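Consider the single chain below, provided in structure tokens and representing the form solved without the ligand.
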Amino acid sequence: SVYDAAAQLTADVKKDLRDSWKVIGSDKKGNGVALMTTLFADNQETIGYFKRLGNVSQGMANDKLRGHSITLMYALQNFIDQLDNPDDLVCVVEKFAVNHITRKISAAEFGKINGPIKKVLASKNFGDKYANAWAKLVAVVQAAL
């Protein structure tokens, strides 16, 4: 149930998501690439999914990876903006899942993003509390996969 998962986003969780997002969301290009490069470093077994992006080890220098990384941050921007209305949050998460489902990305696969997020947050001085909050948002997406 995606709705039950969204119900886990309590007042405190939503507050922490916004506070952290105010910082990491201000530099979508920088933090977006950092998130992807950390994913490829910690989970090399996922690189096979981004073969269209060429040599992802190039990081910021790869124009295809940079385009994907920036675009990725706008999906998160969308989720944060829908935190007030769970009905809209759910419909945008299901729309989001469509393409990832077509790519055969399973919930187990997607959950691997939690590590990179925790590390990116940490580099910006955000601790456990914030990593946990984001883990709850990702859970909503997983329930839709």
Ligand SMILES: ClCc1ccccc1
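Counting begins at 1, following the sequence as shown.
Only in words, not in the display: the form solved in complex with the ligand, which the text now covers.
- Counting atoms of the ligand, placed from its pose in the deposited bound form by superposing the C-alphas round the site, that lie within 2.4 Å of this form's backbone or C-beta atoms gives zero, so the site is open.
- Between the ligand and the residues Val56, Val90, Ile117, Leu83, the one pair within 4.5 Å by heavy atoms in the deposited bound form involves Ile117.
- Contact check for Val13: every heavy atom lies farther than 4.5 Å from the ligand in the deposited bound form.
- Proximity of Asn31 to the ligand in the deposited bound form falls within the 4.5 Å heavy atom cutoff.
- With a 4.5 Å cutoff on heavy atoms, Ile24 counts as touching the ligand in the deposited bound form.
- Residue contact check for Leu9: none of its heavy atoms lie within 4.5 Å of the ligand in the deposited bound form.
- Counting a residue when any of its non-hydrogen atoms is within 4.5 Å of the ligand in the deposited bound form, the hits in 63 to 78 run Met73, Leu76.
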